[PDB]
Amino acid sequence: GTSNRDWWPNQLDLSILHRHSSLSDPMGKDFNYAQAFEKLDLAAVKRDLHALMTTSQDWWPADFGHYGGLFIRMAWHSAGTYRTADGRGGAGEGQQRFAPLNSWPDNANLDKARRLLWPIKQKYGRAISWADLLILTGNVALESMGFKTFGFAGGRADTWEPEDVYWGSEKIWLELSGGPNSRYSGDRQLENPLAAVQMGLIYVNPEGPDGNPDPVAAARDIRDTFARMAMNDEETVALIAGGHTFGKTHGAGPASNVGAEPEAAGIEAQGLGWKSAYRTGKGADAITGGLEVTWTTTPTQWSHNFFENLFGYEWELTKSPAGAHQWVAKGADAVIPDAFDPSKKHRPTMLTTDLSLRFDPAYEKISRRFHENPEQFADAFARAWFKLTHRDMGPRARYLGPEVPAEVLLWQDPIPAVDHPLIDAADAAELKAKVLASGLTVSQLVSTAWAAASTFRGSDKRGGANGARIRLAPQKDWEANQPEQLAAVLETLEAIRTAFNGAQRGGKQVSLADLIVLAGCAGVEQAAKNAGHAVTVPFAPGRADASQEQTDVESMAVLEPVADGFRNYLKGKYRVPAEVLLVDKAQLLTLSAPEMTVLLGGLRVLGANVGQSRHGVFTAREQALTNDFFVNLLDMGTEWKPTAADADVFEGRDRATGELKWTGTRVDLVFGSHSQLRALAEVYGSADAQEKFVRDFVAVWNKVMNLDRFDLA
């Protein structure tokens, strides 16, 4: 059946905003996963997982009698899709069990690993999510094999449909770079937001770049991809050598023996895939990725044998039984055990990308230090494994259970505890009046609070107004945030704050993070007043102020908005049309299409545009909260044309006289073009809509202000 996507393949896709409705969720509307998890007997779960590690099933026999390696790779892959550019991917939604990730070639035979876990998932039911279970199982694997983990937090709620994620434009799995949809350009520059080198890989190609088995060049791909997954050199070497302390690869025969990935397999395969015609198709005959490497002499026990081997031998380029490039230790004895036959042994082997850790000079220094000091290695790996597996979980307040680490890590964007009474409703009212009396405008107040709160992204739950990080480097200098104007607003609010906190008794005080948000609230109330409407904008106190020392400035860089349609802002010229970027931002903000529409139309008339641009400011009463954006946008008395100076800016002229009425961007005019968005604009542009527009605006404003407020969950 031909669909709208077939006829109009470049049209914007709003369905990405409407996933995760109560329609697709089997749990009741009131189900609270945190409450279910908090009563799980986590210790009992772990004991079952521990027993599972050495209980082999004949449909996928355990290598060396121990599934530990398989499960560690499973957990690593669950986490390893994460990209810092957008926060998308990661383990936090259990997306490995859905398309496309359940069928990525790099996830081959993890369908078996997930299936091994059904009996435990079935036992404990809604009290442990798949998302939590994947990571937990990886921790229990490492613990069972002698490795002390840094901790574990529950709280990743299950999701019930695939996320809409851009994974690249290629139409062939694993396509080598340089094709018609190449994700590389210039001098091996990977396009943002991607964080893998080929479609369907987690990070890099284990043979080397586009299959070229050069460890030095592979190292460049390793470093780039792992940085784009939030990991530095030390963390990267710790993770790869730590992982490859365990288990083995699977490449026992040619890959052409391996059948359809799960989403393409027949219905009788019951959600599994990659069925192999090679000998028994499993166990000793397994084929997963096509390499045949076993790193250590004790693949089911933590050791420092990965580095002993890496540095204790010289390596020769060889081929697996499937034809893949890999490396074997020159002159070595057969000291590596076989996974099924106790009378066979093998020489040490390595991937090209393992050798990267020795032949790249910066990695070499770290690998050497870890080799000489394996306790350093163990600590770095534990910390990195925790970071890896929790990177997308959000604020520490979301972390559940008895194994949460007490140490606060810089990468968490930590927020200090609040240790005083909070302001009450009367205090809030007093503060809003003092804000409005200072002479700060609706435009300043709205813009500042928008800038602070709208860094939040639901993808990894980073950002938001909690912390008052807008007053710190680097947020205070981002162009979208209007640095000079911001500095003036923050100076006024800080003087108001100092004066309020100085008059209190009893320890009550207000954080600047709360006051920024409250001041925006006051601005929205004043704008409503300016339009002849008395409304109260809800406000919840309890944010705290983080320090510069608690703020990693480089990690913060990925939250810079280079495109923010809600402020009519685009930092440069991109390949993706601005309206697509608007919908992408709305998704990150967790907005629906109605919420996006209301919010943008309100912001336009409140003066929230960067640089006071008149684009989309379709009103003669700016700073009054009215539906004028919609009524004027939809007025058929106005004709629109692109400008000669810029195809992305449009002039709205009176159709009869030619007089210039307005200018707008693509982000403005999409609301009058896109058939679904224009239907939403019509509701808010109707003569009966002023009350609705105000109410719905206030509601979405408050939703945005509270996006990071997991302390109130």
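In case it trips you up, residue 1 is the first one in the sequence shown, and so on.
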| item | value |
| --- | --- |
| Entry-level comparison of average CA B-factors, 681-689 and 33-41, reporting the higher stretch | 33-41 |
| 184-192 versus 130-138 - greater average Cα B-factor per the deposited record | 184-192 |
| Of the residues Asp392, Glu622, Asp158, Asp233, the one carrying the largest Cα B-factor as recorded | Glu622 |
| Maximum C-alpha temperature factor, selected from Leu660, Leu70, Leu49, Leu669 | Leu660 |
| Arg695, C-alpha B-factor rank within chain (lowest, middle or highest third) | middle |
| Lowest, middle or highest third - CA B-factor, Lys387 | lowest |
| Assigned third (lowest, middle, highest) for the C-alpha B factor of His304 | middle |
| Chain-wide C-alpha B factor ranking for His66, given as lowest, middle or highest third | middle |
| CA B-factor placement of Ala269, once the chain's modelled residues are sorted into thirds | middle |
